[PDB]
Amino acid sequence: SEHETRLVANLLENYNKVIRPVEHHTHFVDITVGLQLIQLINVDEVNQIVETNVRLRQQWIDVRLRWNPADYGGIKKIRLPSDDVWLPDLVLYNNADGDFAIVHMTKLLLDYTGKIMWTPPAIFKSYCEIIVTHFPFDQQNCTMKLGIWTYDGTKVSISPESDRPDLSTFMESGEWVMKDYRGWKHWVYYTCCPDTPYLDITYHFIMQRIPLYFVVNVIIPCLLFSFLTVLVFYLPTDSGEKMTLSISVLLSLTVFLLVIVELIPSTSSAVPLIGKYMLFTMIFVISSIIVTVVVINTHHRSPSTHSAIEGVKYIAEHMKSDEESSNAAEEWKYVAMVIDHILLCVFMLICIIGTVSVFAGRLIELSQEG
Amino acid sequence: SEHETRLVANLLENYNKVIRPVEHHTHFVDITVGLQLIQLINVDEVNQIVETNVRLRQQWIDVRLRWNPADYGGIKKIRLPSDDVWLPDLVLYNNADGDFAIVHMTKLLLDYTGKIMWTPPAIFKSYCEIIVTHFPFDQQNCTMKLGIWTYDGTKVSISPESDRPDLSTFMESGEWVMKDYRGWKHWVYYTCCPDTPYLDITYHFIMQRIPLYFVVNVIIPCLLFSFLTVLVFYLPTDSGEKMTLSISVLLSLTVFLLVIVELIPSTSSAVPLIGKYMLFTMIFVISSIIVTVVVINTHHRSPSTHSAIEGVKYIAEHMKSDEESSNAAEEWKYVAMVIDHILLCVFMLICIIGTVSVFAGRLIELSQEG
Amino acid sequence: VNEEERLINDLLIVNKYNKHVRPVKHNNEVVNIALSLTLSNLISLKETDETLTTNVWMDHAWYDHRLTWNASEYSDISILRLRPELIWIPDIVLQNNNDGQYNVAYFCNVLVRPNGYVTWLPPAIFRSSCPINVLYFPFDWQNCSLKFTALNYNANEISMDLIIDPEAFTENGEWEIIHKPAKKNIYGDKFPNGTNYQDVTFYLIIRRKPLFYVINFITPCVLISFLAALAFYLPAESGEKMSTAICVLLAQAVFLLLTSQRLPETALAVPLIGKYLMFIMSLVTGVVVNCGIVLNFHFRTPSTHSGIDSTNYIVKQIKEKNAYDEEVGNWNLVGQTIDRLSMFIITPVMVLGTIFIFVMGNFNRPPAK
Amino acid sequence: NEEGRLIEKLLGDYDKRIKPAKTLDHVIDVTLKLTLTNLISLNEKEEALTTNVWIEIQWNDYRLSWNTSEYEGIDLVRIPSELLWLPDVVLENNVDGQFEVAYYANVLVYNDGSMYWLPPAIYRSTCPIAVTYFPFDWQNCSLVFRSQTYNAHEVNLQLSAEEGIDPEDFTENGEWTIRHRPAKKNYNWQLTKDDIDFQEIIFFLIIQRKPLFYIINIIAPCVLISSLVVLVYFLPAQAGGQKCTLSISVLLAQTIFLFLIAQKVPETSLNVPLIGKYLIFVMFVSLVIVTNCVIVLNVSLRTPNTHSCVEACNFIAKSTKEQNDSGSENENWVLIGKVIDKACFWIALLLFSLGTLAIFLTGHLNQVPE
Amino acid sequence: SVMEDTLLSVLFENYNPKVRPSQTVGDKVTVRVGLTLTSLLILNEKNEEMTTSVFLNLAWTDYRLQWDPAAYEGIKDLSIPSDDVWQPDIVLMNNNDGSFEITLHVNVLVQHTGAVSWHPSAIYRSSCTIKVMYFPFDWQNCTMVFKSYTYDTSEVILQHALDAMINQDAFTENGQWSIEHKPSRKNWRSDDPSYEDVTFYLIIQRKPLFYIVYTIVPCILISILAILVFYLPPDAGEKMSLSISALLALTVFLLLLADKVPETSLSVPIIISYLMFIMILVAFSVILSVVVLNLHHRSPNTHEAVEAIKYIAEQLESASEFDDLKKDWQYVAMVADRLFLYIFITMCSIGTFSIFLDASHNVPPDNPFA
């Protein structure tokens with residue numbers, strides 16, 4: 001009735017969607033964008049991939065949508081199908097590893113005035129730095145910039161809207177934890193061209209990682225392997241009679257940790273970390289080797305411990321006396337004294353380089369913990 | 001010429017593609033299915049997924065396609081492309097994991113009368129029972145139902161076309177082998193509704209698995225281990241000098257058995273074999289286990305083995321004699337009389353367990369081979 | 001309104017303009033088309049199979065003579081947009097690297113200049129089979145060659161004239177980008193009786209190799225080598241650890257074998273040259289050999305591996321007698337040979353160990369040449 | 001019967017994107033329901049699943065009740081997707097993958113304007129299973145889905161039984177089990193502070209799992225392992241002198257086996273979900289096995305060393321006898337095995353306790369949630 | 001001008017897009033098919049899968065597109081998108097294991113009197129019988145059959161270029177293989193009315209010599225320790241135990257080798273040849289080392305008054321040295337020598353045999369390069 005056909009028909013004829021509501025030679029199209037992140041289903045620290053969801057809160061205006069008693073009058077705020085809208089090719093600058101999903105075919109907010117918004121529950125795969133410095137105790141801030149794709153400032157402009165945390169809806173099931181999340185705006189003009197280029201929203205995710213699983217198993221075999229090394233040292237005192245035995249456990253030990261480092265490379269390259277870390281294990285453990293090097297080398301360090309009838313009685317006890325001073329010789333080498341210095345020499349030195357391992361390890365977390 | 005343009009155009013105009021050749025309220029559109037798997041590309045019994053070749057022979061009649069001398073008179077039977085045709089939403093009931101491949105935009109043939117065939121060269125993704133009962137020697141019958149998807153026996157009805165084997169084009173590259181396969185028709189009415197529901201083609205795949213390479217590698221390290229454990233029996237009774245030497249083997253071999261476990265369970269996880277297959281290895285492998293532990297604990301079972309001048313001579317001779325005694329004691333420890341018992345004790349055990357393992361092996365091989 | 005309705009009706013892009021017709025002012029020499037290549041990122045490298053996934057900004061230019069506008073088009077706005085289906089777009093084919101169709105570098109928004117000149121330049125996620133060859137491993141690490149251009153048109157329907165590769169080289173690559181030259185061209189061939197399609201030829205000369213595999217891999221060698229090295233020092237300090245010494249062979253042996261096993265694994269993932277792979281396995285074999293040597297050399301020697309007077313003389317007899325046995329063994333000991341053994345172990349380790357980093361250098365000098 | 005004219009009449013006025021809403025203040029009556037039919041992928045560690053859902057869609061639009069030529073003709077009509085209001089379905093908390101074959105399918109228009117439609121959908125989702133779902137007490141999978149397009153003031157969804165099931169067609173090849181499926185029809189107001197409620201569909205699924213296959217692979221090895229170490233423990237009393245190192249060979253072998261296990265099943269939990277309780281008993285019953293194990297060598301480590309002319313010379317020789325005797329005496333006071341024998345019974349009952357502590361508690365963590 | 005608008009018009013007025021450049025049922029349109037290969041990227045020699053790339057040069061004549069003054073005589077050559085001609089929806093009877101990439105929907109070269117040139121490069125997923133017979137030096141040949149998947153040769157004839165063109169014409173330099181020749185023969189199996197596919201022969205030769213090299217070292221180096229363990233007996237009889245250590249070690253090594261071999265053929269298997277006999281060579285060193293182990297086992301042991309005391313002394317020593325002298329008689333070294341040279345025969349015989357087979361395998365089955 002109320003100009004029924006005359007009102008919707010006229011609207012379709014002199015209305016265009018390819019076009020953008022450009023208003024004179026000025027501020028561009030006033031684009032209002034923001035992140036409304038409520039779920040992070042999957043991400044990989046190793047490949048620095050993030051498939052999350054953020055409703056793309058857009059907000060801008062088009063006067064052409066203003067109306068009178070025949071559209072506003074009908075029902076104040078009316079929601080129009082998005083099609084009529086010029087949709088920006090937004091995209092994650094150093095990210096964007098995936099299409100935004102669920103934005104197409106959606107609803108658009110129109111007002112009596114013209115105000116309009118459309119928050120799409122967009123889910124997509126991203127790509128931002130985490131590098132080997134992603135999961136430390138001291139974190140890294142993933143730089144995530146977002147802004148118009150193929151359109152320059154001379155035609156469209158976006159700007160932040162509000163600060164909101166990253167932990168506002170951060171994953172409690174994450175193998176990480178957040179500290180802070182900031183987002184400020186800017187416009188990037190480049191020395192290349194004298195022109196005024198695109199605008200963008202730069203997010204920075206500051207959060208420390210690393211569950212403690214890998215941690216528990218790195219140190220258990222270490223203390224346990226330090227038990228066998230400790231045995232390594234104590235045995236020659238309490239059972240040097242098993243120095244070879246010691247040898248067996250070094251083939252044991254060695255293969256075990258040489259195999260421990262196998263795990264590392266798989267896990268490490270399977271889950272990212274700053275190399276500076278493995279350096280700890282490196283020398284500390286090459287230390288058990290450097291030390292078993294010297295210690296068992298030293299352990300094996302020693303030459304071989306690693307009438308006339310009255311006459312033969314004398315040729316005989318002679319036979320015995322010769323050998324007796326001789327057996328004294330092999331014991332002359334296994335003095336059972338330096339064995340105690342070697343375990344204590346190294347017990348302290350491992351208690352110290354262990355305490356050294358313990359040192360930067362805890363110093364670094366007296367830095368992280370912060 | 002012969003009403004040339006008038007012929008062709010008329011036909012286009014009054015004809016709605018989407019219309020289904022409904023003929024009064026009765027017989028439904030009579031449409032028959034007929035699947036001929038030309039061949040199979042690949043299957044995963046574990047995930048019960050197959051990629052197969054299917055030429056779907058689809059038949060139905062559209063009395064609207066009958067002609068006179070200006071269509072049939074032109075050239076008896078001819079080639080009309082699909083599009084214009086109402087395509088039954090064919091669907092493999094408990095299967096259907098994938099879209100029909102090459103079903104789309106193909107052609108069909110119309111007769112001077114009307115009868116049409118639609119037989120596009122398909123190959124698709126399937127989903128049939130395999131259950132943990134498919135890899136058996138006694139197989140399982142892959143229950144695969146096919147029929148009209150969103151239309152009822154009142155709107156339409158899918159019927160069968162003929163009998164044919166599944167091993168007719170069974171893959172010779174399959175890790176499995178066929179017994180037989182049959183398919184009979186059925187109409188499914190549900191106690192739900194008093195209505196008469198869709199029709200269906202039910203496939204039954206009866207095939208037994210396991211390519212023979214596997215067979216040889218595994219049972220031979222067993223008779224292998226059989227001999228080392230066989231030696232584990234004979235080595236001790238014929239020479240207890242290398243008891244510990246065998247200590248080694250016991251380590252090297254159960255670990256061999258341990259690592260064989262990684263390999264064959266992934267096989268297990270690679271191919272679904274009825275778990276009752278697992279118990280073979282269970283007791284078999286585990287007797288290697290219970291037998292060792294006893295055999296070698298027993299191997300181990302043994303306490304330590306695993307005038308006046310004349311008098312001088314007798315106090316000295318007396319010294320040699322009671323240590324004489326002592327020597328015999330520890331030997332009175334490791335006797336060679338029952339190590340022979342354990343030898344035949346268990347070898348009969350092994351020839352029992354073994355022949356018992358061969359039992360059910362042989363038995364259902366008396367069923368499978370048939 | 002300045003004739004605008006009428007004029008874009010004049011252009012009607014799709015209806016008045018021939019989009020299926022390329023405005024090359026009809027049959028002549030060609031439409032002056034120019035391509036610009038800028039890599040935005042390199043995400044994956046596969047040295048072994050000569051395949052690369054890389055992103056490029058497909059900067060394209062050509063003048064659309066039917067695109068020239070007037071006041072209510074041209075001057076109304078000396079720059080405006082028009083989709084791909086309403087803009088002639090060159091059929092740029094990645095000549096030797098498009099064996100993986102181009103993505104979102106396809107039918108995308110283009111830029112409309114005022115006097116027909118048009119500008120289309122979107123992002124290209126692509127896969128390529130660059131000139132790796134088994135020569136993309138020596139230190140020069142070859143030169144990856146790539147040609148870009150409008151596939152469909154020839155030298156009388158298209159002319160494309162002509163940026164560093166490391167400008168957006170990926171920093172997470174296991175290689176190093178040394179240079180990237182750019183020069184266009186045009187070329188006919190033998191079976192073709194006419195010239196055609198001009199193209200963007202861009203050679204990428206790179207290099208790669210870790211300074212990390214060297215770390216944990218040679219590390220065990222001087223560590224392991226000292227074991228085999230000590231192996232021969234240890235036969236002296238205490239060769240009596242026969243069985244236990246034997247244990248270590250099993251143990252240094254199992255260590256050796258799968259170490260080599262990890263080697264091809266990463267190998268297949270990387271086409272490794274024959275020159276380097278031998279020094280690795282040649283030298284571990286050097287120890288393998290000497291482990292076998294260890295064997296024999298360590299277990300090689302055949303053995304080292306008046307009545308009252310009457311009675312005691314019996315003993316002095318048994319005395320001396322087995323003293324001959326006792327000594328038959330030290331005859332075998334071979335101890336004045338000891339130092340020479342471990343001296344002639346030192347000398348060779350020095351010879352070979354040096355031979356390698358000697359060779360390391362004799363090939364390290366000429367590339368630096 | 002105006003059959004042609006009628007079809008042509010409404011199609012004249014026929015409106016696509018407009019909802020069959022009587023007016024605008026009381027929404028339309030939309031019916032929905034889901035019958036599970038396929039639970040294709042359970043990745044609980046990441047909390048995601050894929051299911052073929054029967055999306056039972058139903059609503060009302062008399063915008064097409066017909067006359068004698070269509071309603072009466074047949075109280076049943078199958079008209080194309082794109083031809084009536086369609087609920088773009090999705091699971092708020094679950095659907096992480098746009099529905100597949102869940103749309104664009106033939107709907108159903110009876111004669112009074114009743115609309116019925118049911119496409120099958122394979123899609124991805126994310127239900128609970130957050131550091132829990134691996135117990136014996138189960139985390140109820142709660143999936144709510146609704147149209148993600150409009151909000152309940154125009155649209156209204158209905159449902160049915162909230163008491164009756166997910167195991168209706170719960171997969172038999174799942175490594176789990178379901179015991180109840182509750183479902184509620186509700187309004188929209190969440191933690192996030194959204195208003196204007198768009199009703200949704202809650203899907204509870206408290207299910208069981210844990211049908212261990214790995215259990216006895218774990219149970220027999222440990223007993224064999226425990227016995228092996230108890231071999232280490234009691235075998236010494238039985239074993240000869242050349243057994244101290246014998247025992248060692250076992251430690252090497254015992255843990256080669258150990259961490260290999262530590263590498264095997266840890267992998268297990270990463271590819272599938274995770275939980276620490278069951279995890280605690282293993283590694284710590286395991287660490288205690290290791291503990292008393294190395295303790296044993298430290299036990300077979302402990303002890304000090306077990307780890308006239310005639311007569312003048314007859315005098316001294318009778319001394320070597322008593323002299324060396326004093327020495328062999330050494331052996332005595334040193335190797336009088338009070339600690340060792342008792343160490344057997346030490347670990348024995350400690351064995352019984354570690355075992356009882358664990359299997360008794362495993363009895364409990366199966367018996368409270370039973 | 002010369003009736004340009006006219007021609008131009010009439011053409012598009014009368015021209016039929018979806019029609020075949022032929023007149024009725026006859027000799028049809030003789031389409032030219034000929035592909036200049038680019039290169040090949042992946043040969044899955046194990047499943048007989050082939051992903052290559054080439055140019056689809058098609059060309060026939062459209063006497064329906066012959067132009068006149070301006071487009072014919074104006075510009076004898078002009079480019080125009082396909083989409084307007086029957087396109088060989090070509091599939092490969094064996095191969096065509098997947099869709100077309102850069103194959104259809106691309107522009108074409110149209111000549112004045114109707115000639116049509118379309119040269120598109122494409123990647124195509126194929127599958128040829130490289131079977132598990134792609135490794136014998138005699139290798140094999142394959143059938144590559146190209147042809148459409150909805151059309152039947154009735155309204156067109158297919159015709160080729162060369163048959164010698166070769167496939168090494170664009171053989172991948174990246175191929176661990178090599179090629180001798182490519183036969184091309186036109187076919188029309190009479191099992192189908194539709195004249196169809198063309199068989200293309202691959203007389204392929206794939207010789208990647210890289211790891212069999214260090215595989216030889218095992219066989220021989222393992223032999224080092226082998227001949228060594230067979231040499232160690234009369235080298236260091238005490239080898240007695242250490243010997244067994246060797247085989248534990250030797251067997252684990254070969255079993256790990258067993259580990260890499262199945263997973264490596266896992267992607268490129270063919271005849272057993274190499275494995276067939278190295279399998280025997282395996283069994284050989286395996287059993288030889290184990291029976292030598294039984295060679296090792298076979299040994300049940302190895303594995304006046306004044307003067308009276310004297311006399312009692314005389315008998316003590318002598319009496320038991322014969323006893324231990326008996327042990328000499330028992331463990332002499334006859335066998336070791338004899339079988340260490342039976343070791344000579346065995347190992348150098350079975351050695352020069354596979355040496356030979358291998359010898360015969362690379363030279364003898366090499367010339368069937370055809």
# chains A, B, ... in the order shown; residues from 1 in each chain; ligands from 1
>>> closest_atom_pairs(of="chain B", to="chain E", cutoff="9 Å", atoms="only C-alpha atoms", output="tab-separated table")
residue	atom	partner	partner_atom	distance
B:41	CA	E:97	CA	8.8
B:102	CA	E:149	CA	8.4
B:105	CA	E:150	CA	9.0
B:106	CA	E:150	CA	5.9
B:107	CA	E:150	CA	6.8
B:120	CA	E:150	CA	7.1
B:121	CA	E:149	CA	7.0
B:173	CA	E:47	CA	9.0
B:224	CA	E:287	CA	8.9
B:228	CA	E:290	CA	8.3
B:231	CA	E:294	CA	8.1
B:234	CA	E:297	CA	8.8
B:235	CA	E:297	CA	6.4
B:236	CA	E:303	CA	8.7
B:237	CA	E:300	CA	8.2
B:238	CA	E:300	CA	4.8
B:239	CA	E:303	CA	4.7
B:240	CA	E:303	CA	7.4
B:241	CA	E:303	CA	6.3
B:242	CA	E:241	CA	6.5
B:244	CA	E:241	CA	8.9
B:245	CA	E:241	CA	5.8
B:246	CA	E:244	CA	7.8
B:248	CA	E:245	CA	7.1
B:249	CA	E:248	CA	6.4
B:251	CA	E:248	CA	8.9
B:252	CA	E:248	CA	5.9
B:253	CA	E:248	CA	8.1
B:256	CA	E:252	CA	7.4
B:263	CA	E:259	CA	8.5
B:307	CA	E:305	CA	8.4
B:309	CA	E:306	CA	7.0
B:310	CA	E:305	CA	6.2
B:313	CA	E:309	CA	5.7
B:314	CA	E:309	CA	8.2
B:317	CA	E:309	CA	7.9
>>> residues_around(residues="residue 29 (chain A)", least_positions_apart="4", cutoff="12 Å", atoms="only C-alpha atoms", output="MDAnalysis selection string")
chainID A and resid 19:25 59:63 86:88 148 151:159 198:199
>>> write_last_selection(atoms="C-alpha atoms", output="PDB file, in the first residue's frame")
ATOM      1  CA  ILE A  19      30.013   1.790  -5.870  1.00  0.00           C
ATOM      2  CA  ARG A  20      31.296   3.050  -2.516  1.00  0.00           C
ATOM      3  CA  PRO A  21      29.644   5.927  -0.619  1.00  0.00           C
ATOM      4  CA  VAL A  22      32.329   8.378  -1.579  1.00  0.00           C
ATOM      5  CA  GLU A  23      31.653  11.838  -0.244  1.00  0.00           C
ATOM      6  CA  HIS A  24      33.662  14.576  -1.971  1.00  0.00           C
ATOM      7  CA  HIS A  25      37.534  14.692  -2.170  1.00  0.00           C
ATOM      8  CA  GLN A  59      30.857   0.361  11.075  1.00  0.00           C
ATOM      9  CA  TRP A  60      30.607   3.146   8.493  1.00  0.00           C
ATOM     10  CA  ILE A  61      27.972   5.271   6.780  1.00  0.00           C
ATOM     11  CA  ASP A  62      26.192   5.732   3.482  1.00  0.00           C
ATOM     12  CA  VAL A  63      23.768   8.612   3.261  1.00  0.00           C
ATOM     13  CA  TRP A  86      30.660  -2.595  -1.028  1.00  0.00           C
ATOM     14  CA  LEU A  87      32.674  -5.220   0.910  1.00  0.00           C
ATOM     15  CA  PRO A  88      36.376  -4.409   1.554  1.00  0.00           C
ATOM     16  CA  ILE A 148      42.140  -2.990   3.431  1.00  0.00           C
ATOM     17  CA  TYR A 151      42.296  -0.216  -1.962  1.00  0.00           C
ATOM     18  CA  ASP A 152      44.452   2.832  -1.152  1.00  0.00           C
ATOM     19  CA  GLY A 153      43.634   5.722   1.172  1.00  0.00           C
ATOM     20  CA  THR A 154      42.265   7.845  -1.659  1.00  0.00           C
ATOM     21  CA  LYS A 155      39.167   5.666  -1.499  1.00  0.00           C
ATOM     22  CA  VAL A 156      38.609   3.839   1.819  1.00  0.00           C
ATOM     23  CA  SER A 157      39.817   4.407   5.431  1.00  0.00           C
ATOM     24  CA  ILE A 158      39.571   2.224   8.570  1.00  0.00           C
ATOM     25  CA  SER A 159      40.329   3.040  12.235  1.00  0.00           C
ATOM     26  CA  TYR A 198      46.010   2.157   3.149  1.00  0.00           C
ATOM     27  CA  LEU A 199      45.186   2.167   6.850  1.00  0.00           C
TER      28      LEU A 199
END
>>> interface_residues(of="chain E", to="chain C", cutoff="8 Å", atoms="only C-alpha atoms", output="MDAnalysis selection string")
chainID E and resid 41 53 74:75 79:81 101:102 107:108 122:123 173:174 221 224:225 228 232 235:236 241:242 245:246 249:250 253 306:307 310:311 314
>>> residues_around(residues="residue 161 (chain D)", least_positions_apart="5", cutoff="9 Å", atoms="only C-alpha atoms", output="ChimeraX atom specification")
/D:182-184
>>> closest_atom_pairs(of="chain B", to="chain D", cutoff="6 Å", atoms="only C-alpha atoms", output="CSV")
residue,atom,partner,partner_atom,distance
B:244,CA,D:246,CA,5.8
B:251,CA,D:253,CA,5.6
B:300,CA,D:239,CA,5.2
B:301,CA,D:238,CA,5.0
B:302,CA,D:238,CA,5.1
B:303,CA,D:238,CA,5.0
B:304,CA,D:240,CA,4.6
B:305,CA,D:240,CA,5.0
B:306,CA,D:239,CA,4.2
>>> write_last_selection(atoms="N, CA and C atoms", output="mmCIF file, in the first residue's frame")
data_model
loop_
_atom_site.group_PDB
_atom_site.id
_atom_site.type_symbol
_atom_site.label_atom_id
_atom_site.label_comp_id
_atom_site.auth_asym_id
_atom_site.auth_seq_id
_atom_site.Cartn_x
_atom_site.Cartn_y
_atom_site.Cartn_z
ATOM 1 N N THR B 244 74.684 -65.848 32.197
ATOM 2 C CA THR B 244 74.580 -64.409 32.077
ATOM 3 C C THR B 244 74.659 -64.092 30.600
ATOM 4 N N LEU B 251 67.540 -60.082 27.113
ATOM 5 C CA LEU B 251 67.305 -58.648 26.905
ATOM 6 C C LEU B 251 67.119 -58.314 25.422
ATOM 7 N N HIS B 300 68.511 -69.465 36.860
ATOM 8 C CA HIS B 300 69.121 -68.805 38.014
ATOM 9 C C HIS B 300 69.018 -69.565 39.359
ATOM 10 N N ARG B 301 67.892 -70.239 39.546
ATOM 11 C CA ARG B 301 67.551 -71.041 40.742
ATOM 12 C C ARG B 301 68.553 -71.821 41.619
ATOM 13 N N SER B 302 69.869 -71.608 41.542
ATOM 14 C CA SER B 302 70.767 -72.387 42.394
ATOM 15 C C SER B 302 71.590 -71.539 43.346
ATOM 16 N N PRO B 303 71.632 -71.938 44.632
ATOM 17 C CA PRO B 303 72.375 -71.248 45.676
ATOM 18 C C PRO B 303 73.564 -70.335 45.257
ATOM 19 N N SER B 304 74.625 -70.927 44.711
ATOM 20 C CA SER B 304 75.813 -70.159 44.282
ATOM 21 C C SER B 304 76.207 -70.318 42.829
ATOM 22 N N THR B 305 75.723 -71.393 42.217
ATOM 23 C CA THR B 305 76.059 -71.734 40.820
ATOM 24 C C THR B 305 75.309 -70.987 39.725
ATOM 25 N N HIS B 306 74.091 -70.542 40.030
ATOM 26 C CA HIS B 306 73.183 -69.818 39.101
ATOM 27 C C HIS B 306 71.961 -70.628 38.756
#
>>> atom_distance(atom1="CA of residue 13 (chain A)", atom2="CA of residue 16 (chain C)")
20.8 Å
